[PDB]
Protein chains: 4
Amino acid sequence: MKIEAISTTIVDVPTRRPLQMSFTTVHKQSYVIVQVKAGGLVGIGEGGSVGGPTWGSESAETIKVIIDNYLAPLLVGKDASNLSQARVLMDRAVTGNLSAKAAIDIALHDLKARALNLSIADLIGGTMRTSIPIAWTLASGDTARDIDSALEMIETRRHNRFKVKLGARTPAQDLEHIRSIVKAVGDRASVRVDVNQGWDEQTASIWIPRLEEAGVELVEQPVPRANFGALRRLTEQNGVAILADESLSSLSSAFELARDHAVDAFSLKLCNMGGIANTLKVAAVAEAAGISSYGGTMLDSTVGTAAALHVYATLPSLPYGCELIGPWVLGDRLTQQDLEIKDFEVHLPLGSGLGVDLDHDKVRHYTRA
Amino acid sequence: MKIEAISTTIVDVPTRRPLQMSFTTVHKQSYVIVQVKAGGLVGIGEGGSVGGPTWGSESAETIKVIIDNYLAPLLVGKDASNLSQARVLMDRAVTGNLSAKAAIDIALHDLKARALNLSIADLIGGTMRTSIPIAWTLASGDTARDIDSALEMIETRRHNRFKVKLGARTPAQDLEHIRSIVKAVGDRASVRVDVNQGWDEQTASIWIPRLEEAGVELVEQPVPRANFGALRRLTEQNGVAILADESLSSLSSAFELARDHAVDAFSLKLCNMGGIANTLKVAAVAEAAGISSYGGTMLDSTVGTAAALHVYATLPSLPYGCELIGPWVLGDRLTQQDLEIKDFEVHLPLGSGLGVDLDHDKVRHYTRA
Amino acid sequence: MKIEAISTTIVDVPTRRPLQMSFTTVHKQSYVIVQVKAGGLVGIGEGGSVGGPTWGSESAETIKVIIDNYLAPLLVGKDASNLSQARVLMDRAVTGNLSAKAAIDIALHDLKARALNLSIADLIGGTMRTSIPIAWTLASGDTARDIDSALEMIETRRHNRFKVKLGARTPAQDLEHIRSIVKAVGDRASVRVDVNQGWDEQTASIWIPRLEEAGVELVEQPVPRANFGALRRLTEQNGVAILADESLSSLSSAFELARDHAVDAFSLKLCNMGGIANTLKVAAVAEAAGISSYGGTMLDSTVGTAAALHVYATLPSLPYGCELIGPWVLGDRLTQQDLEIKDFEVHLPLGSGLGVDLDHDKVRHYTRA
Amino acid sequence: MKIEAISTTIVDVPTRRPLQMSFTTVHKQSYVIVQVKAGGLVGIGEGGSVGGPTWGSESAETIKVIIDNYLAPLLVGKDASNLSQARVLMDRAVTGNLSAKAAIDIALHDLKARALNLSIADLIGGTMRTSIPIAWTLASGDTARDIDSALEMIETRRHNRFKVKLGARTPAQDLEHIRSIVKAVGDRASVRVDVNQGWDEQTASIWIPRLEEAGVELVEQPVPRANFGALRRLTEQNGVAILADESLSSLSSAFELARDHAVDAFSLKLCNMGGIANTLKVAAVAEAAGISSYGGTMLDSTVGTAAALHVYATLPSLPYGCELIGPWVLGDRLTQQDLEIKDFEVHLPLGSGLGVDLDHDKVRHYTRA
Ligand SMILES: [Mn+2]
Ligand SMILES: [Mn+2]
Ligand SMILES: [Mn+2]
Ligand SMILES: [Mn+2]
Ligand SMILES: [Mn+2]
Ligand SMILES: [Mn+2]
Ligand SMILES: [Mn+2]
Ligand SMILES: [Mn+2]
C-alpha cells in the first residue's frame, strides 16, 4: 500500500537507575517512536541511542529532524511493502544517520508482516529459536551490590550471564571487582565485560590475559572504536573472545573487521546498523568470515527490543546469546504488552509483526513537549 | 504447513544447438524438477547442472539420489514455511551438493510465497527492477555465424550484450574472432567473454590486455577455478573487469575472493550456491567488499530462470545485467507460460511465487525412463 | 590390455558399533566395489565415504552413478595399463567426484601390478616399511568404556596410539574426558584428538593449549574445513601439531595449506584425494613444504585399506603412523584374507597387486538390492 | 635383485661446436656413465653437467668420486628394485651432489623397467605423448649464421622452436639480434631466449618488455639464480613467460619459487634435480601451484636424453615442449641407437627401459685415461 504518512514522536522514559556518561548522569532514555501509515494499517519502529550523542553521533533530536525533513518526505507516496526500494532510497538520499533509517525500516517490516499475518521473524524466513539466553549488565559501581544483584538474578532464574562494565576504575581495581563476582557466582553463571573503549592497547594487552585467567568469557570493545589494529592484535594474542561494538556501523566496517579477523564476534544492533536487512547483511559477512554474531542492544524500549528479537531469532547461531535488557532498565513500558524473561532467556512475543503494540496513553504521557 | 512429500523428476530436454563438452557433444540438458507438497499446495524447484558433472561435480543423477535418500526424508514432517530451519537442516545433514539443496530451497520459497499471495521477489523484500538487460552467448564456433546471430539479436531488439566463449581455439584466433565481432556490432552492442578456465596465468596476462584493447567489457573465469592468486594478479593488472564463475561455490569462497579483491564481479548462480538465501548472502559479501553482482545461469529451464530472476530483481545493482537465456537454448518448455524478452531485457513473470507453473504434459513427456 | 568393462557394486556392511552422524545413527558403512576387467584379468577398487554425504559430498549412490554414467564409458576400450592417461581422462571429463575416480584408479593399479607380478607398493617404487603403527579411535561416548578399551588394546599389543573424537560434549567435558584417558594409559600410549570441525576459532584457541598441556600429541581439524586462516593462526600459536583432514581435497588445496604452513600435517586419504597418483602428489607437496604426512582413513573395508597401506608403505616418513582401522570397525569382511595387526602395527599384505582378493560370496551377500 | 656392483666411467665426447664458458672455450662434454649390475642384468645412467663446474657445482670428476667413494658402497648389497629406499639412502648419506644421485637413479629405473619388460615411461605410469616438440638453441654468436641455421631447421621440419642465448653482447645488440631472427622466421617459428643469469634486475626490467614486444615467447633465467625476488617482480610485471633454470635444484627451491609464483615455468632437468622420482616431485609442486613444466637439458648424451624423454612423456602438460638436443650437439654417440627428430618433435625410443643401449666400443674409445 502507498505510504500515507510517517510520524515521529520523541518520548523520554525514566530509567530505574542513573546512566553515568562522560560528565553528566542521565536519569532517562530518549527514543523516537516512528509510525508508518499505509492502507489504514500502522507499522511501528524505534530510533534509539544511548544517553544521547555519547555512544553514537545520533540523538533523539537528530533522528526526529532527519526523518521529518529528509527521510519521511521521500517515502510518502511510495509502496510501503517494497522494503528493497525503501532501504535504497534512504541510503541514496541521506548519508549516515543509520538509527533514523533503522526506525523507519523496523516500522515498514512490522507493517508488511502484519499485512501478511506473519511475525517479522517468519517474514524474514522463520525462527531457529523462540527464546534467547540473555545477559544482564552489572554496573552499579559497587562490588557487593553487583554480587547481590547477580545472585538474585541467578536464584530467580532470570539471568546466569552477566556483563560487567569496566574502564572507570583502575585496571587493578577492575580485576579485583571481576574476581569477586566470579568467586561469588561460581559455576552458576558466566561473566563478560565491556570496557567501553576505555583502555589503550598496552593496557588492554596486559589486563585482558588477567581477565581471561580470572574467568571472563568475553571482552567487549577494549580499545577506541577506530583502532582496528589494536583489536586485531589483542584478538590474535588472547584466547578469550573479543567482541566489537562501537567499531561496527556500516556494512563496510563489518567487512573491514572481518577481513583479517580483527575480532571474534560482532555485536549486532539494529539501530547502529541501519535496520533489519542491513543487520542481516552484517550477520552474513560474519558467517562468511567465521566471526560470531551477538545480540546487542542500545537499551531499547520494548518496541526496539522486540524488533531485535525477531531478527536474532532467525540467525543460525548465537554463541553468546543476547543482551536485550532495555525494557527492564526503563521505569515504564511504551507498549501494551511486556516481554517475558524466564529460565535465563527472553522470549519472542507471539503474534504478527513485532508482536507488540504501542500503548498510546503511555506514549502520550512520556512525549516531550 | 507440514511438508507432506518431496518428489524428484529427472527430465531430459533437447537443446536447439549441441553442447560441446570435453570430448562428448551433448544434445540436451538434464534437470531434476522438485515438487514440495504441503497443505495441499505445491512449490516447484529445479536442480541444474551444465552438461552433467562437467561445469560442477553434480549431475541430474546425483541430485535426485541426494534429495531422495538424504534431504527429502529429513524435511518431510517439518514446517515448510520455516525456510531458516530448512536451510540449516540441509547444511547440517549433507555436505556440498548445493544444487540439490537449491532445488528444494527454490520450491520452499515458491510454496511460501504463493501461500502469502506474493511473488518470490516481493517475499524477499521487493523489486528494484521488473526487467533485466540480458546477455546472449555466442558460441557457434564460427565467426561469420556469430556475427549474423548478433546482428539479428540487435535488430530484433532482443539482445545488445553478447558473451563469447573462448579457450578452444588459439589465443590469436580468439582475438581475431573477437575483433571481427566487435567491428560488426559497432556501438550497438557490448561484448564480454568467458574463457571457461581455459588459460594458464601467463597466457591470460598476455591476452586479456589485448581483449580489453579490442573492446571487451568483461572477462569471465580466465584461469582454473582454484587459482585465486592468478585471478587476483590479473584483476590488479587489468582495467577490464574480471568475473568469477567456477571459482565461486560456498559462502566461504565468496569471502576468500572478496578479501583481497581477487575479482571485480561475482557470477551469482542459485544452483551452485545452494539456494536463494545462500545466494543473497554471497551478494551481501560482494556489496560489503565492493565487488559487482552478475546474474549468472546454468542454462536453466523456465523454472530455474524464473527463480533467478526473482532474486536478481531485488538486488541494488546489476552493472552487467544477467545471462538467463536457458529457456531459449532449450528446444521446448517445461512450464505453461513462457518468459518474455523485449527491448534487450528479460522480464519478471507476473503472479505469486515464481510466476510460472509446470506443464505436467511436458514434464511427463521429457521424464527419463 | 584394453579395458573390457568396469562394474560397480554397492555393498552395505554392518558396523560393530553405531555411527553417530548429525541427527541419524548409522549401523553400517556403504561402499562401491569397482572391478576392472582387461585381458581376462581383474583389478579391484573401492569408493568410500563416511556415513554417506556427511564427511564429504559423495555417497555410495553418487559414486556408482558417476562411474556408471560418466567415468566407465570413457575408459572402456582404453589401455588399462596407461595409468597416466586414465587419470587425466577422468579429470578432464568429470569435475570433483574424487572418491569415484579413486575407486577406478585403485583398480587400475591393482590390475597393472598383478600383471607385472608386483605388489602395488613395489610398482610405486618399493617399500620403506612393511608395517605401520596404527591408531585406534576411541569414541564410545563414555570415559570409563574408552579407558577399558584403550587398556585392552595396549595389553593385547594391538594399539598404543589412540584418537579421541571431541566436539559433541562441552569443551570442559572433553578436557576432563581426555585427562582421564591420559592418566589411565600413562606412558604406555599416545593420545590424539579429532574435533571434526566442531569448534570455532576462539574456542579452539582456548582449549587446544589445554589439550596440549593435558598430553595430547595431535589435534585434527579443530575448525570448519574452509577456515584456513583459523587453522594457520592456531598452528602458529600452539606447539601441539595440527592435522588437516576435511580441509584437504584437491592438489590445489594441499598447496594452499602448505603455502603459509596452515597446518603441521596432512591426513592423506586415497578416496578424498582422487587416487594413488593424486595422493602421492599431495605427499610430494607436503614433503616440499615441510608438512608431515599422516595415513588417514575413511573407515574403508579391507580393499580400500590395503590400497592405502601400499601407498603409505612407500613414503619416506610417517611421524604419526596411520589410522587404517576400517576392517575392524566393520562386522564382516569383503575379502578372502584378513589384514594383520600385531605389536601395535598393521602389516602390509603379501602378494601382487593389493595382496587381497574379493570374497564373491561376501560381496554377493552384502550387495544392496 | 641384489646390487652386485656400480661402475663409473668418465667419457669425454667432442662437441660439433665450441662451448664458450666464462674465459675458456670447451670443445667437448664430459659425462659419467653409470652401470648398475644386479641379477646378471644391467641398468645404465648418466651423470651430466654443462662445461664442468660452470652451470652447476658438480663436474664429471666430482660425480665419479662421489659415486665411487660414497653412494656406490652404500647401495651394493641392497635390493636394486627398491627405488624408494635407494633414493632415501642416498639423500641421507650424501648432501647435494644431485647429478651423481640422478645417474644412479636413472640406472636403477632402467634396470627395474627392463626386468619387467616395460619402458621407463610405462613403469612410471604410462605415456601422455610419444613425441615432444623440441627447441633448438641458436648460439653461433652471429646473427646471419643463426638465421640460416633456423631457416634450415624449419625447412627440414626438424625445429620450429628456437632458443637464443643472450647476455654476452649489450642489451641493445641482443634486441637487434632477436628482431632480425624473428623477422626472418616469421610465423613459421617461435623464439625463446636464455639470458643465463646475465642481467641485473633493472636491466631485465627494461629489456624483457622489449623482447616481448619483439615477439619472444619465453625468457629463461634473466637474473642470477639466487635472486628470487627479482624473478618474482619481473614475472609479475611482464606478460612474456619467465622460466626458472639455475634457480631450481632441490624440491625445497621448487616450493619456494612456487609459493608466490616467482616464475611461470620450471625447467625440469633430471640431473640437477637428483633423479626421476625427484623430478616428478618438482613437477607435482608445479602442477599444484599453477606453474608450467618445461623439458630442460644439460646437453646430455643419448642416455641422459632418453631418460628425460621417458619422464616428460608421462607429464600431463608441456606447454613449451622440451630442449633435449644434447645428442645432436655431440660429435658422436655413446649408444647403439640414435634418437629420432621428425616433424618438429623428438620421439620416444621404443623398447624396455630407456630404449637405448651403450655401444661399448664407443664408450671404450671416449673413456678418459
Ligand atoms: Mn583470540
Ligand atoms: Mn558495548
Ligand atoms: Mn582490474
Ligand atoms: Mn562461466
Ligand atoms: Mn604449531
Ligand atoms: Mn578426521
Ligand atoms: Mn607475468
Ligand atoms: Mn638455461
Side-chain angles (χ1 to χ4, degrees), chain A residues 50-51 54-56 135 137 139 163-167 192-198 218-225 242-248 263 265-269 271-272 294-299 320 322-323 325, chain B residues 204-205 208-209 211-212 216-219 222 231-244 260-265 290-292, chain D residues 50-51 54-56 135 137 139 163-167 192-198 218-225 242-248 263 265-269 271-272 294-299 320 322-323 325:
Chain A
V50 183
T54 302
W55 186 90
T137 297
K163 178 206 282 200
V164 185
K165 291 187 181 178
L166 302 178
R192 300 84 172 284
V193 306
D194 187 345
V195 197
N196 284 291
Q197 310 179 72
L218 186 69
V219 178
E220 186 178 342
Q221 202 67 53
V223 300
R225 64 208 301 166
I242 303 304
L243 172 69
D245 177 4
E246 286 83 1
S247 286
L248 282 161
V263 295
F266 286 169
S267 175
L268 305 177
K269 293 184 176 182
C271 285
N272 90 309
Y294 176 68
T297 187
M298 286 291 279
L299 295 180
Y320 302 96
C322 72
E323 48 170 47
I325 63 171
Chain B
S205 76
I208 283 174
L211 286 172
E212 174 175 347
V216 173
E217 164 189 53
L218 186 69
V219 178
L231 284 176
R232 184 193 55 196
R233 287 185 287 276
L234 289 168
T235 292
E236 301 173 325
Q237 295 303 311
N238 291 283
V240 61
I242 303 304
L243 172 69
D260 297 301
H261 201 270
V263 295
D264 301 290
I291 288 178
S292 311
Chain D
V50 183
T54 302
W55 186 90
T137 297
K163 178 206 282 200
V164 185
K165 291 187 181 178
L166 302 178
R192 300 84 172 284
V193 306
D194 187 345
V195 197
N196 284 291
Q197 310 179 72
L218 186 69
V219 178
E220 186 178 342
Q221 202 67 53
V223 300
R225 64 208 301 166
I242 303 304
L243 172 69
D245 177 4
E246 286 83 1
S247 286
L248 282 161
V263 295
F266 286 169
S267 175
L268 305 177
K269 293 184 176 182
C271 285
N272 90 309
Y294 176 68
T297 187
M298 286 291 279
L299 295 180
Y320 302 96
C322 72
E323 48 170 47
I325 63 171

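Remember, it's 1-based here, ligands and their atoms both numbered in the order they're listed. Just so it is clear: chains get the letters A, B, ... in the order the sequence lines come, proteins before strands, and each one is counted from 1. Keep in mind that the numbers below use all heavy atoms, side chains included, and drop hydrogens, waters and symmetry copies.
- Side chains of A:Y294 and A:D245 form no contact here, defined as non-hydrogen atoms less than 4.5 Å apart.
- None of the N, O or S atoms belonging to A:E246 lies under 2.8 Å away from the Mn ion (ligand 2).
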* Asked: Could you walk me through whether B:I208 and B:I242 pass the side chain to side chain contact (heavy atoms under 4.5 Å, CB included) check?
  -> CA-CA 10 Å; B:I208 283 174; B:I242 303 304; 4.2 Å; yes

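- Residue-level check: among N/O/S atoms of A:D245, OD2 sits closest to the Mn ion (ligand 2).
- Protein contacts to the Mn ion (ligand 3) involving N, O or S atoms at a distance below 2.8 Å are B:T235 O, B:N238 O.
- Residue D:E246 holds its CD atom at 8.5 Å from OG of D:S267, rounded to the nearest 0.5 Å.
- Counting only distance, with no hydrogens or angles, the side chain of D:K163 and the backbone of D:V193 share no donor-acceptor pair below 3.5 Å.
- Here the side chain of D:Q221 pairs no donor or acceptor atom with the backbone of D:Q197 at under 3.5 angstrom.
- Sorting the N, O or S atoms of A:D194 by how far they are from the Mn ion (ligand 2) puts OD2 first.
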* To do: Output, in order, the C-alpha distance, side-chain angles, deciding distance and verdict of side chain to side chain contact (heavy atoms under 4.5 Å, CB included) for D:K165 and D:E220.
  => CA-CA 9 Å; D:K165 291 187 181 178; D:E220 186 178 342; over 6 Å; no

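- Expressed to the nearest 0.5 Å, how far CZ of D:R225 lies from CG of D:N196 amounts to 10.5 Å.
- Distance check: A:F266 CZ to A:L243 CG gives 10.0 Å after rounding to the nearest 0.5 Å.
- Of all N, O or S atoms in A:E220, the one lying closest to the Mn ion (ligand 2) is OE2.
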